[PDB]
Amino acid sequence: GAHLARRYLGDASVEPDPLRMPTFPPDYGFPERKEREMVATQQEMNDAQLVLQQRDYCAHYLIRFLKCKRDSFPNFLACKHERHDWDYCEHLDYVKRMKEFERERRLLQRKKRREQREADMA
Amino acid sequence: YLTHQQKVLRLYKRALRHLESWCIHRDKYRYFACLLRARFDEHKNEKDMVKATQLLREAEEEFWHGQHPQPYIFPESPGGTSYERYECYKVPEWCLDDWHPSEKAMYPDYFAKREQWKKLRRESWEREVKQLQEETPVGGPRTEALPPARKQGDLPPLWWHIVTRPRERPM
Amino acid sequence: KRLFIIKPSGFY
Amino acid sequence: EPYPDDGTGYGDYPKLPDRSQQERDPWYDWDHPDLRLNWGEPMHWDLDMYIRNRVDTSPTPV
Amino acid sequence: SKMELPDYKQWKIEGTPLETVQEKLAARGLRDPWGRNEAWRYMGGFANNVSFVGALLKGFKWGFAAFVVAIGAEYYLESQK
Amino acid sequence: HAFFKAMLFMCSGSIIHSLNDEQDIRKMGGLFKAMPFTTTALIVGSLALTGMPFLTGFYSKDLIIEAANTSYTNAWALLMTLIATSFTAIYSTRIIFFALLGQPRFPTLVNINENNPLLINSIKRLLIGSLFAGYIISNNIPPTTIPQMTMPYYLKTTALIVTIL
Amino acid sequence: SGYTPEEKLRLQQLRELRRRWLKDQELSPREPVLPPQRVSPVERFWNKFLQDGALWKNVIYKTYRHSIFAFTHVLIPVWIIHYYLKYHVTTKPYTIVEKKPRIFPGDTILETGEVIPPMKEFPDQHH
Amino acid sequence: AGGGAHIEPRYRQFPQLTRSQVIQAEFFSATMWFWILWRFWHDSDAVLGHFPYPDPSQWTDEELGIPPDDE
Amino acid sequence: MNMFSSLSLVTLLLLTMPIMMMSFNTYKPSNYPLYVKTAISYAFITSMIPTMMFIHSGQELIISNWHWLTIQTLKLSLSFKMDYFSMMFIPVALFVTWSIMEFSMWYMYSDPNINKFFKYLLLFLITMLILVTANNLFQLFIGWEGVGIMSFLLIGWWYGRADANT
Amino acid sequence: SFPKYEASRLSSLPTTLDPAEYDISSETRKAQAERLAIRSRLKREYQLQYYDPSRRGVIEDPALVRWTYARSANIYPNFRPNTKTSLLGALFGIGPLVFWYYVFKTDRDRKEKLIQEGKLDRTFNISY
Amino acid sequence: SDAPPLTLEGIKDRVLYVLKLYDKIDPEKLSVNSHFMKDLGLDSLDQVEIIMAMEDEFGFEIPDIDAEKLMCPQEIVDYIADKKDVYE
Ligand SMILES: CCCCCCCCCCCCCCCCCC(=O)OC[C@H](COP(=O)([O-])OCC(O)COP(=O)([O-])OC[C@@H](COC(=O)CCCCCCCCCCCCCCCCC)OC(=O)CCCCCCCCCCCCCCCCC)OC(=O)CCCCCCCCCCCCCCCCC
Ligand SMILES: CCCCCCCCCCCCCCCCCC(=O)OC[C@H](COP(=O)([O-])OCC[N+](C)(C)C)OC(=O)CCCCCCCCCCCCCCCCC
Ligand SMILES: C[C@H](CCC(=O)O)[C@H]1CC[C@H]2[C@@H]3[C@H](O)C[C@@H]4C[C@H](O)CC[C@]4(C)[C@H]3C[C@H](O)[C@]12C
Ligand SMILES: *C(=O)CCCCCCCCCCCCC
């Protein structure tokens with residue numbers, strides 16, 4: 001990616017650190033934020049035997065897709081819509097992570113930007 | 001050893017074989033095979049032996065620098081894929097003397113005729129020894145070449161293990 | 001052409 | 001040419017060239033085609049290390 | 001059996017890349033005696049062999065013909081619904 | 001990999017047997033027309049190994065290359081993997097060019113016969129597998145990970161660009 | 001650069017002996033003289049039956065041999081394996097351990113007729 | 001090796017090709033290309049991309065919660 | 001489970017039958033390559049039944065049928081793991097091994113020891129199925145080392161060749 | 001132009017690049033044919049027995065009986081306890097034994113200290 | 001190995017067939033007993049290529065010790081027939 005060219009071959013203080021992110025508290029902006037809404041419950045995922053890395057906020061669609069696949073057998077070409085639903089939810093989840101990287105990316109600009117004024121001036 | 005004539009011919013054969021490996025395509029090989037022949041022609045009839053050696057000795061250095069790292073080798077030649085592939089099927093003839101009579105009963109004609117060869121080998125041996133005991137110098141043989149048969153009805157001395165040797169595709 | 005195959009004795 | 005008399009036990013066994021049996025001529029009619037040896041020929045002290053299944057010393061292109 | 005070999009007079013380097021090699025050798029005073037030995041490799045069924053792009057496209061003509069029918073049929077059946 | 005790789009050796013064996021135990025591609029050539037069925041299987045196998053889309057080898061190799069790119073991974077190990085994908089096309093093309101195309105380089109008397117029903121059926125079944133096996137397996141096995149289906153255009157198609165080049 | 005007259009003569013004499021030896025390696029029509037074999041009556045029925053390579057006849061042979069194989073190599077073994085697993089291997093604790101079957105929201109359990117509540121409403125995604 | 005058809009080897013000539021040999025090879029080559037085109041027609045997002053990839057720059061500082069510099 | 005277990009073991013047992021028949025000589029020669037090829041074919045169809053039962057509902061199980069040895073607090077029993085990486089590899093290996101055995105009937109037709117060749121190809125397949133289905137390391141070590149030995153005996157098939165032994 | 005070939009104990013000098021091959025003199029010629037006399041003299045003694053039709057057994061090879069004797073029974077009587085053999089036998093014979101002793105005594109001393117202190121994980125270790 | 005066995009006539013036909021395609025040999029005077037050096041005026045450098053063409057014809061190498069000893073197409077047939085166990 002282009003970010004790798006910046007954190008290594010250039011200034012590294014303004015680039016996010018993937019292992020340490022996030023740094024700023026979640027409420028720096030956003031006068032009010034909403035907690036993520038987990039549709040599935042622990043017993044539902046537990047009884048569906050989802051792999052622990054599959055028990056994310058998209059799990060509710062995954063549960064429905066697996067149920068359709070079992071019922072649609074032997075038709076493996078079926079449950080095409082259910083798969084896309086789960087894929088799209090994982091696509092939205094990935095974008096939120098991309099937004100989180102940008103939020104940390106820009107908030108680190110603030111420190112490098114609201115610190116020359118308080119250093120150059122005095 | 002190898003006389004200067006033999007060493008030049010060997011280098012020419014090696015040079016063309018390795019060259020054939022680089023070229024691959026026949027038409028391209030037929031081009032550089034002629035050019036390489038010309039280089040062996042500009043000095044075809046050199047007179048000074050010392051100069052001839054210096055030409056041969058320099059060709060080898062150019063051959064070593066230019067040889068293909070992975071030259072083509074015929075399948076059954078030393079270092080080839082099929083080399084010694086059938087040496088496990090090559091059984092000697094003396095193993096047939098240990099056969100049970102029941103097995104020999106399956107090939108009555110083959111073993112009847114095999115008995116004739118054994119008689120032929122057994123009758124001609126004492127003559128073969130003499131044929132070599134008289135043509136050999138006083139000290140001993142100075143070369144590995146054997147002489148042919150001189151009298152009608154005699155067999156070439158030391159013929160059994162070159163005549164009865166197993167076939168190249170025994171099975 | 002159905003040659004004779006020389007093999008060691010297999011009877012024993 | 002025997003080995004140097006250094007007291008390691010070589011005695012008078014000949015010091016033959018340290019060449020593998022892969023360097024021998026493969027077209028000569030050896031008495032032992034696989035070993036590339038002749039009956040009566042003196043054997044290298046390390047012959048069993050130089051058989052064609054083991055250490056090779058043939059010239060390399062590089 | 002007794003394989004009957006073809007007449008040996010048909011093997012000519014004419015009209016083959018072997019001739020082009022003989023032209024370039026004629027510009028240096030050298031000749032190629034063995035050209036006719038390699039001639040059979042450029043004549044008969046071994047002449048005008050396919051190219052690499054033509055090898056990877058083997059069966060494309062019939063494959064494409066079957067493909068156009070399939071999608072055309074798919075449109076028709078889906079026309080009903 | 002089991003389907004199309006086993007096919008390549010069997011196609012290699014057909015060529016070797018025809019040319020009287022000649023395993024060197026320098027003494028092959030002009031077999032595209034002489035061995036049409038062995039040629040078809042070799043081409044199909046060389047397209048699954050290289051990653052031709054939708055054949056058997058596409059449903060595993062390209063997911064790997066996509067997941068290797070979008071991972072917190074060693075950078076140099078990623079570059080070597082991509083270069084190795086370029087080399088896969090080069091040596092697969094090497095077999096096709098030096099064994100199928102061009103003019104013959106094998107001896108004058110050769111029996112190029114590949115009509116034995118055992119040879120056709122064995123290669124034929126793997127030929128079917130090296131076309132549809134990846135599609136069938138991928139659509140039947142249950143998911144066990146969160147596949148990465150969102151990424152920059154130049155990371156999704158890196159396998160194709162590398163292979164085509 | 002060629003054979004000396006002595007060498008040529010020896011090669012010819014070796015060649016004439018070698019060819020005759022190779023000739024003697026040919027088998028006569030009688031050979032091999034197999035001893036009598038007790039031919040099974042069943043195989044006799046098929047020797048005559050397969051006298052003419054009829055397409056329909058060999059199919060019956062094809063079905064016959066496959067049917068026998070499916071009885072001596074699939075049916076008999078599975079009977080033994082099932083008996084072994086049914087009454088010897090599954091009668092001991094923790095021998096065959098089956099991963100519990102997956103339960104999804106809205107499934108009915110056969111053992112007790114229980115019903116799993118459906119999941120909460122999915123708000124909306126559309127796309 | 002053993003079975004099939006007995007083809008006479010030809011000396012310095014093109015080998016003899018049977019009929020079913022050439023039909024089957026052409027059919028499977030065709031079957032390959034039909035499969036690739038049919039799969040490409042229906043599933044082209046498996047090789048070019050399924051979902052759009054956002055451009056982080058175009059995201060507004062309001063939705064990322066980046067409070068203004070002064071405050 | 002009654003069918004999943006029985007048909008998952010019949011596959012392994014089916015492949016060992018040709019080995020057993022070639023020990024007590026309860027078979028006829030010159031059909032052995034065909035006999036072994038047919039065993040793989042039936043082993044492939046039977047192995048597809050447990051695979052389908054997995055594809056249907058994701059059914060897996062572990063079979064610990066024979067108690068072999070108990071070293072104090074370590075109990076070693078012959079255990080077979082029929083799971084994701086056993087219901088998908090066995091069908092693939094048998095399908096590929098089916099073709100290679102058929103191709104071998106033609107490629108190795110003139111080999112005098114074609115019967116031993118098909119016994120070694122079969123023994124390797126058994127040691128690979130032992131390795132793939134192993135539920136404990138010791139049993140995994142049996143097929144892990146067995147495949148190496150059968151590789152050794154097949155690489156040096158033409159044992160008269162020095163380069164084959166090396 | 002053409003870099004010279006540099007040999008090694010595992011890469012012998014090619015016969016086509018060895019000066020002694022192209023420097024053919026009178027003494028070398030006599031030596032080469034003088035060797036071939038021995039090769040033929042031995043080759044004849046072997047052949048008179050190999051081709052013998054009444055022979056059944058093993059042709060004893062005096063060269064093979066000299067090689068095994070030279071490698072087993074002739075070693076000790078031709079050994080002298082000098083500086084070369086004493087240092088080689090000291091560092092190859094005793095050296096490894098002392099080296100491994102300290103590798104294991106140190107390893108077990110360190111392990112025993114942890115076990116006594118109770119800071120070595122042996123939670124499930126009940127097989128020794 | 002499924003290939004047709006060689007015949008004495010076949011070896012002679014193919015040995016001469018290759019020489020007939022050698023420009024420096026006149027097909028009219030070419031015979032089984034035609035010595036290369038003393039009946040066709042070919043230098044040894046040309047005889048090496050003759051042998052190299054024979055080994056490319058039957059697909060097996062002829063060692064240089066014996067290649068430089070064959071000076072006649074009849075001898076080549078004997079050498080090839082002896083190294084392929086051809087007896088009729
Ligand atoms: C109490 C009532 C019951 C009575 C009890 C009485 C008990 C008394 C003892 C009776 C024992 C009977 C012995 C046989 C009698 C003679 C039969 C006969 O006529 O011979 C004809 C037989 C065939 O005739 P031929 O072709 O003319 O032979 C001449 C050639 O020279 C032949 O040379 P070749 O190159 O063709 O082959 C040589 C070698 C084979 O060549 C090789 O490949 C050597 C390398 C093979 C080993 C590589 C794999 C290593 C891994 C072992 C895997 C097994 C453990 C797996 C455990 C977990 C899964 C179960 O021979 C073999 O060993 C064949 C078997 C290979 C092992 C088979 C393993 C898989 C079998 C299936 C196991 C599952 C069974 C479940 C059944 C259901 C439960 C009951 O000739 C011979 O084989 C002569 C040698 C006989 C030796 C027998 C000993 C076999 C030992 C097996 C190999 C060692 C494996 C090491 C692991 C040991 C684990 C136990
Ligand atoms: C963990 C270490 C265990 C110690 C043992 C392993 C170390 C090597 C010492 C054992 C090898 C010597 C055995 C005697 C030789 C017997 C066989 C023989 O004669 O060879 C002839 C053969 C020659 O075969 P060839 O194919 O090379 O050439 C023969 C000639 N042709 C090809 C023309 C036919 O050589 C071998 O097969 C042996 C090669 C292996 C030896 C080298 C091992 C290298 C190990 C990897 C090093 C990098 C470390 C990687 C990480 C792994 C280590 C943790
Ligand atoms: C059915 C199968 C091949 C048939 C085919 O594909 O044409 C044939 C080929 C050789 C046969 C086997 C061998 O003849 C050895 C056994 C002979 C007896 O008929 C018992 C079953 C036996 C084990 C046979 C089962 C089956 O009929 C076999 C395996
Ligand atoms: C970045 O995501 C890491 C990608 C590492 C694999 C190389 C892919 C090519 C990247 C080119 C940089 C493009 C920047 C616009």
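Throughout, a chain's letter reflects where its sequence line sits, starting with A, and its residues are numbered from 1.
Proximity to chain B (any heavy atom under 4.5 Å) is shown, for I/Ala164, by neither the backbone nor the side chain. Residue B/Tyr89 touches chain I through its side chain alone, counting heavy-atom pairs closer than 4.5 Å.
Counting non-hydrogen atoms of neighbouring residues, nucleotides and ligands closer than 6.0 angstrom, the OH atom of I/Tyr109 reaches no more than 12 such neighbours. I/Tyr84 OH: more than 12 foreign heavy atoms inside a 6.0 Å radius. Other residues, nucleotides and ligands contribute at most 12 non-hydrogen atoms within 6.0 Å of the CD atom of I/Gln72. The local environment of CZ in B/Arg39 is sparse, with at most 12 non-hydrogen atoms from other residues, nucleotides or ligands closer than 6.0 Å. No more than 12 heavy atoms of other residues, nucleotides or ligands shown are found within 6.0 angstrom of CH2 on I/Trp144. Within 6.0 Å of atom OH in I/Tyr27, more than 12 heavy atoms from other residues, nucleotides or ligands are found, so the atom counts as buried in its surroundings. By the 6.0 Å contact criterion, CG on I/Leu137 is open, its count of non-hydrogen atoms from other residues, nucleotides or ligands being 12 or less.
Among all heavy-atom pairs drawn from B/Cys88 and I/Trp158, the shortest one is SG-CA, 4.2 Å.
Chain I is approached within less than 4.5 Å, heavy atom to heavy atom, by B/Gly80, B/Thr81, B/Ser82, B/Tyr83, B/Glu84 from residues 49-84 of chain B, ordered by number.
Distance check: B/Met171 CE to I/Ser110 OG gives 12.0 Å after rounding to the nearest 0.5 Å.
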